[PDB]
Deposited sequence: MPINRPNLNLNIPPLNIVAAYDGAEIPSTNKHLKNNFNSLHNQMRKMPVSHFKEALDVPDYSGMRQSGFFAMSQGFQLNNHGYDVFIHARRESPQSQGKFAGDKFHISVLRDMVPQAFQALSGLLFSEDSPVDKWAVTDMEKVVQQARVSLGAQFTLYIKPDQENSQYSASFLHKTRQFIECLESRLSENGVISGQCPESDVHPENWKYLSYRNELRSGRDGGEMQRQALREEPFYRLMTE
């Protein structure tokens, strides 16, 4: 038994349930840092229940809201924007990323001052959104999958409406033509390198197909 096994065996049921659901509404947060403030999180900051830190042994500012008390199943999104526009992109998305209605409890953004300009996580993939199965038995529910898909589509729309220029999608990730910023990989069944073979495998991931079709 596994998260992905449940997705395979309920593939059409989940998809059909999702397409019948009304549009998700996300109350956007206002009492949030801008990108500069985000970089100043240090040891501890908090905005809208998301604990913030920028003091780890890595180049990211991490955001974590307490999860409902399934286990991480590898499913995650990157957001790629033009390197120069990360601060504006972050601000535009902050209402959604810190929303009390967001299905994403754990995410991270590159600290652009900690990386060389031409770095993988500088030219693109400046955000990572980590998805966890919402049910106690580590299964995804249709309600949550719908919410998650609606959420990333809201992120797409906000960036597009703000005229944010797209970034350089990492070689590791896949995305459909209608995702100009968002991309996907599964951490359990793919690597950071990528390649056509890996990208081909990722396109078959039930989770990815449920997000796109």
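- Missing from the model relative to the deposited sequence are positions 1-26, 96-97 (no C-alpha coordinates, numbering from 1).
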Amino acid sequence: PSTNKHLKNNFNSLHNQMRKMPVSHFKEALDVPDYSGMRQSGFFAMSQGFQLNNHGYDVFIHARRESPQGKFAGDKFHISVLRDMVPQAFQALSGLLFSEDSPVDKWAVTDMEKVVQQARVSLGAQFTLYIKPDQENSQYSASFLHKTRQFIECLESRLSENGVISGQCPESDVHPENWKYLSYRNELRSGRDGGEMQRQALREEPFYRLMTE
From here on, numbers count along this sequence of modelled residues.
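- If you average the C-alpha B-factors over 11-19 and over 193-201, the higher value belongs to 193-201.
- Comparing the deposited coordinates for 203-211 and 1-9, the stretch with the larger average C-alpha B-factor is 1-9.
- The PDB entry assigns the greatest CA B-factor among 183, 157, 168, 54 to 54.
- In the deposited coordinates, the residue among 61, 145, 188, 174 with the greatest CA B-factor is 188.
- Per-chain ranking of the deposited C-alpha B factor places residue 100 in the middle third.
- Per-chain ranking of the deposited C-alpha B factor places residue 73 in the middle third.
- For residue 134, the recorded CA B-factor ranks within the middle third of the chain. Only modelled residues enter the ranking.
- In the deposited entry, the Cα temperature factor of residue 161 sits in the top third of values across the chain's modelled residues.
- For residue 27, the recorded CA temperature factor ranks within the middle third of the chain's modelled residues.
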